[PDB]
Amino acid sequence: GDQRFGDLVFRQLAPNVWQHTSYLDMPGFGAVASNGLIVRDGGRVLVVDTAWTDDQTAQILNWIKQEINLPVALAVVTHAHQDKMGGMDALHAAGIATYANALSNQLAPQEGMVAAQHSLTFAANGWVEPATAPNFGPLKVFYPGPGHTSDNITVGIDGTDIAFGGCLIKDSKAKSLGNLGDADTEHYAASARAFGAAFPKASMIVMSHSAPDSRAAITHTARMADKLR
């Protein structure tokens, strides 16, 4: 099920959806896997999250060229940390239109990231303002509230059973909520639950640092976050 491609791993999750995985050896954490998504929509490819680095992100684009061979119409990144946004320059070098939460773009320089070219804004109920996410096809972008970070966003894939929680969601057996350095501890549980409520049909939950899981990832993440209050 896993395809090794250079130093990256790709896993098909649905007829039109693949998970990309890249690794960074970070001092104190080991070699951390980070996951994003690749979605074919008709004659276009859409990407969710970069790899950790520009070089790894260029390798994602190389895999897409070899395995799908359709243009990458856009990428959306899910917050301003390196696992999600470290490869922005590779997307720009490739001519790909890039999107992030407006707040992610504002935070990018101080986080050591390069901003995306376009900013998403969100209605009070969390759904993206559609004018700011043109041509997103089946990608349904939802801001669940502050959690792992204040700017974290999530993405469902219409027509599939898949939703992507990024670094907000940890797997159903996780022992901790990971890196809480920029987290909103009081609102985390509610934000995890809001993600689940936004995508009630999603039976496959994809996340940054573990393999795809059932919705027990959502309930378990929220239950762990209940203890932060």
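A residue's number is simply how far along the shown sequence it sits, counting from 1. For the two forms, the rigid core is made up of the largest set of C-alpha atoms that agree within 1.5 Å on superposition.
Root mean square Cα distance to the shown form, taken over structures and residues in 6 other deposited structures of this protein after a core fit, is higher for 20-28 when 208-216 and 20-28 are compared. Where the structures in 6 other deposited structures of this protein are fitted on the rigid core, 173-181 is the one of 55-63 and 173-181 whose C-alphas sit farther from the shown form on average. Checked against the record, the higher mean CA B factor of 15-23 and 201-209 lies with 201-209. When the two stretches 80-88 and 122-130 are set side by side, the higher mean Cα temperature factor goes to 122-130. Compared with the other modelled residues of the chain, the Cα B-factor recorded for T53 ranks in the lowest third. In this PDB entry, the Cα temperature factor of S34 sits in the bottom third of its chain's modelled residues, the lowest group. The deposited CA B-factor of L70 belongs to the highest third of values across its chain.
Per-chain ranking of the deposited C-alpha B factor places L46 in the lowest third.
Per the deposited record, the Cα B-factor of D151 falls in the middle third when ranked against the other modelled residues of its chain.
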